[PDB]
Amino acid sequence: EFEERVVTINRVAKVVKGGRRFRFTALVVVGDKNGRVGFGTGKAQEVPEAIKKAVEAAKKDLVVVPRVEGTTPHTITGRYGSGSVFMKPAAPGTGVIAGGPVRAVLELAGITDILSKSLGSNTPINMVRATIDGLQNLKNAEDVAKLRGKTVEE
RNA sequence: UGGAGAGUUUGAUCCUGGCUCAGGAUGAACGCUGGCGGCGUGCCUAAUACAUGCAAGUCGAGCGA
């Protein structure tokens, strides 16, 4: 079993052309607090029924994040399109600071670090796709120790 | 050692982009209420004429009288 949160919903369609559409949508992040997250988007006109379509879209996506049990291994500027968050490791004891779309993703991988703010992000969709693009590009020491010498560098 | 955001142009979007709020401050004023032990700081606006008080004397083993 997993955990989900409703980040945002909308009421997006064209009102009357002779026949009405007025649909909703959602952007649900799912996670397990072990290091695997995801996100997906569905749409329907009955209000909480598009969430079950949205959690359906995110269970088929898992992203493995390295961890030193509380923070991230290094720093990176997770960038996608027009969004850019900044993330950097803390010391164990300080909690995850906000960025609300970026706040709820970092708690469902299971860390307690600082989070620098969204630099150029505007809307809560590209905050999410810039968050996940940051998390899926970190590096361990062991995989680096594969294609180098064997843990010399300290 | 340590670094958050939200709102608003469209029938509905993504972007550029402004304006606006939450917070910390004051040798502040002013608004309501009033128990203090104790610690500090109280002409920042007309350089607008300054009553009354005290702030530079001491030495009688200088020397006169």
# chains A, B, ... in the order shown; residues from 1 in each chain; ligands from 1

$ interface_residues --of "chain B" --to "chain A" --cutoff "12 Å" --atoms "only C-alpha atoms (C1' of nucleotides)" --output "ChimeraX atom specification"
/B:1-6,10-17

$ residues_around --residues "residue 8 of chain A" --least-positions-apart "2" --cutoff "6 Å" --atoms "only C-alpha atoms (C1' of nucleotides)" --output "PDB file with C-alpha atoms, in the first residue's frame"
ATOM      1  CA  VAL A   6      -4.186  15.974  -3.809  1.00  0.00           C
ATOM      2  CA  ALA A  26      -5.970  16.375 -10.693  1.00  0.00           C
ATOM      3  CA  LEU A  27      -2.223  16.033 -10.113  1.00  0.00           C
TER       4      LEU A  27
END

$ select_by_dssp --residues "chain A" --states "helix (DSSP H, G or I)" --output "PyMOL selection string"
chain A and resi 49-58+100-107+126-135+142-146

$ write_last_selection --atoms "C-alpha atoms" --output "CSV table (one decimal), in the first residue's frame"
chain,number,residue,atom,x,y,z
A,49,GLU,CA,-13.7,10.2,-9.4
A,50,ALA,CA,-10.9,11.8,-11.3
A,51,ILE,CA,-8.6,11.2,-8.3
A,52,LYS,CA,-9.0,7.4,-8.7
A,53,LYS,CA,-8.1,7.8,-12.3
A,54,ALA,CA,-5.1,10.0,-11.3
A,55,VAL,CA,-3.8,7.5,-8.7
A,56,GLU,CA,-4.2,4.9,-11.4
A,57,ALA,CA,-1.9,6.9,-13.6
A,58,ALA,CA,0.9,7.2,-10.9
A,100,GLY,CA,4.2,23.1,-1.5
A,101,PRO,CA,4.3,21.0,-4.7
A,102,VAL,CA,8.0,20.3,-3.9
A,103,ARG,CA,7.2,19.9,-0.2
A,104,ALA,CA,5.0,16.9,-0.6
A,105,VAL,CA,7.2,15.0,-3.0
A,106,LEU,CA,10.3,15.1,-0.7
A,107,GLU,CA,8.3,13.7,2.3
A,126,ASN,CA,6.2,22.3,-13.6
A,127,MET,CA,7.2,22.4,-9.9
A,128,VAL,CA,6.4,18.7,-9.8
A,129,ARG,CA,8.2,17.7,-13.1
A,130,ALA,CA,11.2,19.7,-12.0
A,131,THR,CA,11.2,18.0,-8.6
A,132,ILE,CA,11.2,14.5,-10.1
A,133,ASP,CA,13.8,15.4,-12.6
A,134,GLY,CA,16.0,16.5,-9.8
A,135,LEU,CA,15.5,13.3,-7.8
A,142,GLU,CA,29.1,2.7,-5.2
A,143,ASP,CA,27.9,3.2,-8.8
A,144,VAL,CA,30.7,5.8,-9.1
A,145,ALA,CA,33.0,3.2,-7.5
A,146,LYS,CA,31.9,0.9,-10.4

$ closest_residue --among "A:9, A:85, A:119, A:62" --to "residue 42 of chain A" --atoms "only C-alpha atoms"
A:9

$ atom_distance --atom1 "atom CA of residue 7 of chain A" --atom2 "atom CA of residue 25 of chain A"
10.9 Å

$ select_by_dssp --residues "segment 12-67 of chain A" --states "strand (DSSP E or B)" --output "list in words"
residues 24, 25, 26, 27, 28, 29, 30, 31, 36, 37, 38, 39, 40, 63 and 64 of chain A

$ write_last_selection --atoms "C-alpha atoms" --output "tab-separated table (two decimals), in the first residue's frame"
chain	number	residue	atom	x	y	z
A	24	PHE	CA	-11.98	18.71	-13.72
A	25	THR	CA	-8.48	17.24	-13.40
A	26	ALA	CA	-5.97	16.38	-10.69
A	27	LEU	CA	-2.22	16.03	-10.11
A	28	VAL	CA	-1.66	13.39	-7.45
A	29	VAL	CA	1.75	12.43	-6.10
A	30	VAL	CA	1.92	8.88	-4.76
A	31	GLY	CA	4.63	7.46	-2.53
A	36	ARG	CA	9.88	5.50	-4.66
A	37	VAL	CA	7.47	8.22	-5.86
A	38	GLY	CA	5.41	9.17	-8.90
A	39	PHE	CA	2.79	11.51	-10.32
A	40	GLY	CA	-0.03	11.32	-12.84
A	63	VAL	CA	11.50	6.63	-9.19
A	64	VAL	CA	14.32	5.29	-6.98

$ atom_distance --atom1 "atom CA of residue 66 of chain A" --atom2 "atom CA of residue 154 of chain A"
18.2 Å

$ residues_around --residues "segment 18-29 of chain B" --least-positions-apart "2" --cutoff "10 Å" --atoms "only C-alpha atoms (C1' of nucleotides)" --output "JSON, numbers by chain"
{"B": [5, 6, 7, 8, 41, 42, 44]}

$ atom_distance --atom1 "atom CA of residue 19 of chain A" --atom2 "atom CA of residue 48 of chain A"
23.0 Å
